[PDB]
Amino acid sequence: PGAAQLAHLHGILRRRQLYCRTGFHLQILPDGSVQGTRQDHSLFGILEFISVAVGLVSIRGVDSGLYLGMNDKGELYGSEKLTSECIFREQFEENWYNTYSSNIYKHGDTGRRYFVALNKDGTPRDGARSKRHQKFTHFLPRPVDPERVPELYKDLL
């Protein structure tokens, strides 16, 4: 084909599963909420990673179509349109587990950044109360076996 064809396929090559070290895969539901499923290959767990810049990413739910974004008060959510709240800093942490902080939100005084995180029960943790050294913020990007989520792969088809 052509035009936007090249970039579009690569997005599909960049689809991942974000497994949080507390035992959950980050998912972005259609209603706009963000949470964690213990299920491998969840349909909303299939996230497409857009490499914005060096150390920067944007995570779009392939199924929900929404972009992961963190707001003013540290709360995660699914943004229907890209915004400055949707760009996160991707930093290595330990063992291929990355950490993802807001690219615009931090604690004015300490300078400590706000982090994308999930509690041990799976619900979204308050970005501001989450820290780099805590396991709530560790996220291992995982590969997506397309044959396990066919609905999401009828673009090439």
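Residues carry their position along the shown sequence, with the first being 1.
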Original post:
Lowest, middle or highest third: where is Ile12 by Cα B-factor in its chain?
Top reply: middle
**OP:** Would you please rank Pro124 by its C-alpha temperature factor against the other modelled residues of its chain and give the third it falls in: lowest, middle or highest?
**Re:** highest
Original post:
Should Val34 be placed in the lowest, middle or highest third of its chain by the C-alpha B factor in the entry?
Top reply: highest
Original post:
In terms of the CA temperature factor given in the entry, to which third of its chain does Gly108 belong: lowest, middle or highest?
Top reply: highest
**OP:** Could you say whether, by C-alpha temperature factor, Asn95 belongs to the lowest, middle or highest third of its chain?
**Re:** highest
